[PDB]
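Reading through the structure tokens given below for one structure.
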Amino acid sequence: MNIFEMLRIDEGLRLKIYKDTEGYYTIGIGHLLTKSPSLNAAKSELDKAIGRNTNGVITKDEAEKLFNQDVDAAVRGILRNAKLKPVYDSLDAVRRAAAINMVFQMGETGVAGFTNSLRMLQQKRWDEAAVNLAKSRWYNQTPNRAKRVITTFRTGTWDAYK
Ligand SMILES: [Cl-]
Ligand SMILES: [Cl-]
Ligand SMILES: [Kr]
Ligand SMILES: [Kr]
Ligand SMILES: [Kr]
């Protein structure tokens, strides 16, 4: 298992525009298109990302290319973030995959706001952090996924994904 496989499980794969758990237009492997209520705005954004007139539909290869770019940007965002980088660098490989999933889902800004869990993860206080992470709107809104990611930070293994 790796970050790619991990997020493909968490996000699924859809080739037609769809709404995500917050009702926003997305496509692919969780590639958010826009926060706008306008389906045309979403279609415009999709055509721009793909570089062709998609008419709301893409291929698996195109979904995978956007997925690659999104994982990349997520990592890069972490590395450039003064609040994130030091934490991520102190983590082992498994846990880092957990941090990327979070940033992938809620953004850099969003994750940078978990000040307390962040410090606990830097200190290797696994159980404590898992309890703090769960006290969040993130967990109450998407509890099955939050639990998987939380277990991954807690244990440092992929058990939650097998
Ligand atoms: Cl894009
Ligand atoms: Cl969920
Ligand atoms: Kr992090
Ligand atoms: Kr994190
Ligand atoms: Kr976090």
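To be explicit about the labels: the chains of the structure tokens are called A, B, and onward in the order shown, and within each one the residues are counted from 1, while ligands get numbers from 1 in the order they are shown.
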Near-region 95-111 of chain A list (8 Å; only C-alpha atoms; drop same-chain fewer than 3 positions) as a list in words: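 Once the nearby chain positions are removed, what remains is residues 2, 3, 6, 7, 70, 71, 74, 75, 77, 78, 81, 88, 91, 92, 114, 149, 150, 152, 153 and 156 of chain A.
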Test item: residues at most 7 Å from residue 35 (chain A), only C-alpha atoms, excluding those fewer than 2 positions along its chain, as a list in words: residues 24, 25 and 37 of chain A
For CA of residue 69 (chain A) and CA of residue 138 (chain A), the interatomic separation in Å (one decimal):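 Going from CA of residue 69 (chain A) over to CA of residue 138 (chain A) covers 23.9 Å.
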Environment of ligand 1 within 8 Å, counting only C-alpha atoms and all ligand atoms, reported as a list in words: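 I would give the residues around ligand 1 as residues 46, 48, 49, 50, 66, 69 and 70 of chain A.
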Option closest in space to ligand 4, from A:143, A:68, A:158, A:116 [counting only C-alpha atoms and all ligand atoms]: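 Between A:143, A:68, A:158, A:116, the residue approaching ligand 4 most closely is A:116.
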Would you return as a PDB file with C-alpha atoms, in the first residue's frame the members of chain A that DSSP assigns to helix (DSSP H, G or I) on this structure's backbone?
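What follows is the written file part08.pdb:
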```pdb
ATOM      1  CA  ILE A   3      -0.462   6.986  -0.780  1.00  0.00           C
ATOM      2  CA  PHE A   4      -1.819   6.400  -4.248  1.00  0.00           C
ATOM      3  CA  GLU A   5      -3.570   3.219  -3.378  1.00  0.00           C
ATOM      4  CA  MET A   6      -4.631   4.706  -0.125  1.00  0.00           C
ATOM      5  CA  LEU A   7      -6.346   7.709  -1.598  1.00  0.00           C
ATOM      6  CA  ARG A   8      -7.894   5.689  -4.406  1.00  0.00           C
ATOM      7  CA  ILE A   9      -9.672   3.719  -1.743  1.00  0.00           C
ATOM      8  CA  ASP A  10     -10.781   6.810   0.148  1.00  0.00           C
ATOM      9  CA  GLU A  11     -11.929   8.781  -2.868  1.00  0.00           C
ATOM     10  CA  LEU A  39     -22.678  23.129 -13.286  1.00  0.00           C
ATOM     11  CA  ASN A  40     -21.399  25.170 -16.163  1.00  0.00           C
ATOM     12  CA  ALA A  41     -18.714  26.711 -14.070  1.00  0.00           C
ATOM     13  CA  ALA A  42     -17.663  23.190 -13.154  1.00  0.00           C
ATOM     14  CA  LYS A  43     -17.612  22.115 -16.792  1.00  0.00           C
ATOM     15  CA  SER A  44     -15.467  25.191 -17.684  1.00  0.00           C
ATOM     16  CA  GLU A  45     -13.034  24.356 -14.930  1.00  0.00           C
ATOM     17  CA  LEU A  46     -12.933  20.759 -16.039  1.00  0.00           C
ATOM     18  CA  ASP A  47     -12.189  21.643 -19.688  1.00  0.00           C
ATOM     19  CA  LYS A  48      -9.414  23.966 -18.539  1.00  0.00           C
ATOM     20  CA  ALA A  49      -7.777  21.263 -16.391  1.00  0.00           C
ATOM     21  CA  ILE A  50      -7.829  18.621 -19.132  1.00  0.00           C
ATOM     22  CA  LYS A  60      -9.469   6.878 -16.678  1.00  0.00           C
ATOM     23  CA  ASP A  61      -6.067   7.950 -17.935  1.00  0.00           C
ATOM     24  CA  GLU A  62      -7.111  11.636 -17.685  1.00  0.00           C
ATOM     25  CA  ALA A  63      -8.525  11.003 -14.125  1.00  0.00           C
ATOM     26  CA  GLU A  64      -5.194   9.403 -13.177  1.00  0.00           C
ATOM     27  CA  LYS A  65      -3.201  12.239 -14.564  1.00  0.00           C
ATOM     28  CA  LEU A  66      -5.068  14.809 -12.476  1.00  0.00           C
ATOM     29  CA  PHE A  67      -4.693  12.439  -9.440  1.00  0.00           C
ATOM     30  CA  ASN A  68      -0.902  12.378  -9.948  1.00  0.00           C
ATOM     31  CA  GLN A  69      -0.792  16.135 -10.126  1.00  0.00           C
ATOM     32  CA  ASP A  70      -2.984  16.499  -7.027  1.00  0.00           C
ATOM     33  CA  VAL A  71      -0.884  14.138  -4.954  1.00  0.00           C
ATOM     34  CA  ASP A  72       2.132  16.052  -6.012  1.00  0.00           C
ATOM     35  CA  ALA A  73       0.753  19.426  -5.173  1.00  0.00           C
ATOM     36  CA  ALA A  74      -0.382  18.115  -1.783  1.00  0.00           C
ATOM     37  CA  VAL A  75       3.237  17.011  -0.910  1.00  0.00           C
ATOM     38  CA  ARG A  76       4.618  20.182  -2.202  1.00  0.00           C
ATOM     39  CA  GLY A  77       2.181  22.150  -0.151  1.00  0.00           C
ATOM     40  CA  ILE A  78       3.221  20.338   2.946  1.00  0.00           C
ATOM     41  CA  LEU A  79       6.943  20.976   2.275  1.00  0.00           C
ATOM     42  CA  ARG A  80       6.479  24.636   1.782  1.00  0.00           C
ATOM     43  CA  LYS A  85       6.989  20.561   7.225  1.00  0.00           C
ATOM     44  CA  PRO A  86       8.569  19.972  10.559  1.00  0.00           C
ATOM     45  CA  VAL A  87       5.861  17.555  11.530  1.00  0.00           C
ATOM     46  CA  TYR A  88       5.887  15.664   8.328  1.00  0.00           C
ATOM     47  CA  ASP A  89       9.624  15.374   8.420  1.00  0.00           C
ATOM     48  CA  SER A  90       9.551  13.847  11.860  1.00  0.00           C
ATOM     49  CA  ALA A  93       6.753   6.689   5.995  1.00  0.00           C
ATOM     50  CA  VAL A  94       3.387   5.250   6.896  1.00  0.00           C
ATOM     51  CA  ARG A  95       2.387   8.244   8.944  1.00  0.00           C
ATOM     52  CA  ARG A  96       3.424  10.675   6.257  1.00  0.00           C
ATOM     53  CA  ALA A  97       0.999   8.981   3.928  1.00  0.00           C
ATOM     54  CA  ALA A  98      -1.651   9.765   6.580  1.00  0.00           C
ATOM     55  CA  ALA A  99      -0.678  13.438   6.580  1.00  0.00           C
ATOM     56  CA  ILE A 100      -0.886  13.636   2.857  1.00  0.00           C
ATOM     57  CA  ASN A 101      -4.397  12.114   2.742  1.00  0.00           C
ATOM     58  CA  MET A 102      -5.574  14.813   5.162  1.00  0.00           C
ATOM     59  CA  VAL A 103      -4.085  17.722   3.110  1.00  0.00           C
ATOM     60  CA  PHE A 104      -5.466  16.104   0.002  1.00  0.00           C
ATOM     61  CA  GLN A 105      -8.933  16.161   1.508  1.00  0.00           C
ATOM     62  CA  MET A 106      -9.029  19.481   3.411  1.00  0.00           C
ATOM     63  CA  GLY A 107      -6.154  21.571   2.264  1.00  0.00           C
ATOM     64  CA  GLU A 108      -2.982  22.738   3.760  1.00  0.00           C
ATOM     65  CA  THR A 109      -4.599  25.539   5.502  1.00  0.00           C
ATOM     66  CA  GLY A 110      -7.133  23.192   7.013  1.00  0.00           C
ATOM     67  CA  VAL A 111      -4.558  20.723   8.337  1.00  0.00           C
ATOM     68  CA  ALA A 112      -2.268  23.589   9.574  1.00  0.00           C
ATOM     69  CA  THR A 115      -2.272  22.793  16.036  1.00  0.00           C
ATOM     70  CA  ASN A 116      -2.713  20.534  18.983  1.00  0.00           C
ATOM     71  CA  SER A 117      -2.775  17.227  17.068  1.00  0.00           C
ATOM     72  CA  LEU A 118       0.154  18.414  15.122  1.00  0.00           C
ATOM     73  CA  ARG A 119       2.270  18.929  18.199  1.00  0.00           C
ATOM     74  CA  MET A 120       1.169  15.607  19.584  1.00  0.00           C
ATOM     75  CA  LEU A 121       2.139  13.827  16.361  1.00  0.00           C
ATOM     76  CA  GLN A 122       5.567  15.633  16.403  1.00  0.00           C
ATOM     77  CA  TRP A 126      -0.010   8.492  19.144  1.00  0.00           C
ATOM     78  CA  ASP A 127      -2.960   7.711  21.288  1.00  0.00           C
ATOM     79  CA  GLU A 128      -3.279  11.217  22.428  1.00  0.00           C
ATOM     80  CA  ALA A 129      -3.238  12.612  18.965  1.00  0.00           C
ATOM     81  CA  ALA A 130      -5.829  10.139  17.778  1.00  0.00           C
ATOM     82  CA  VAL A 131      -8.164  11.302  20.459  1.00  0.00           C
ATOM     83  CA  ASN A 132      -7.572  14.978  19.578  1.00  0.00           C
ATOM     84  CA  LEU A 133      -7.933  14.385  15.812  1.00  0.00           C
ATOM     85  CA  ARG A 137     -15.830  18.560  12.337  1.00  0.00           C
ATOM     86  CA  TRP A 138     -13.726  16.330   9.923  1.00  0.00           C
ATOM     87  CA  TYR A 139     -14.403  13.245  11.940  1.00  0.00           C
ATOM     88  CA  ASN A 140     -18.084  13.954  12.621  1.00  0.00           C
ATOM     89  CA  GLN A 141     -18.743  14.568   8.891  1.00  0.00           C
ATOM     90  CA  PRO A 143     -16.189   9.333  10.236  1.00  0.00           C
ATOM     91  CA  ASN A 144     -15.354   6.121   8.355  1.00  0.00           C
ATOM     92  CA  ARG A 145     -12.582   7.757   6.395  1.00  0.00           C
ATOM     93  CA  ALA A 146     -11.367   9.862   9.385  1.00  0.00           C
ATOM     94  CA  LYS A 147     -11.189   6.661  11.410  1.00  0.00           C
ATOM     95  CA  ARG A 148      -9.024   4.971   8.804  1.00  0.00           C
ATOM     96  CA  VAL A 149      -6.606   7.829   8.697  1.00  0.00           C
ATOM     97  CA  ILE A 150      -6.640   8.211  12.469  1.00  0.00           C
ATOM     98  CA  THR A 151      -5.785   4.509  12.882  1.00  0.00           C
ATOM     99  CA  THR A 152      -2.948   4.892  10.465  1.00  0.00           C
ATOM    100  CA  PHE A 153      -1.502   7.801  12.516  1.00  0.00           C
ATOM    101  CA  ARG A 154      -2.108   5.779  15.743  1.00  0.00           C
ATOM    102  CA  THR A 155      -0.456   2.562  14.631  1.00  0.00           C
ATOM    103  CA  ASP A 159      -4.169  -2.215   8.960  1.00  0.00           C
ATOM    104  CA  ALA A 160      -7.097   0.035   8.403  1.00  0.00           C
ATOM    105  CA  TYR A 161      -6.722  -0.291   4.701  1.00  0.00           C
TER     106      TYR A 161
END
```
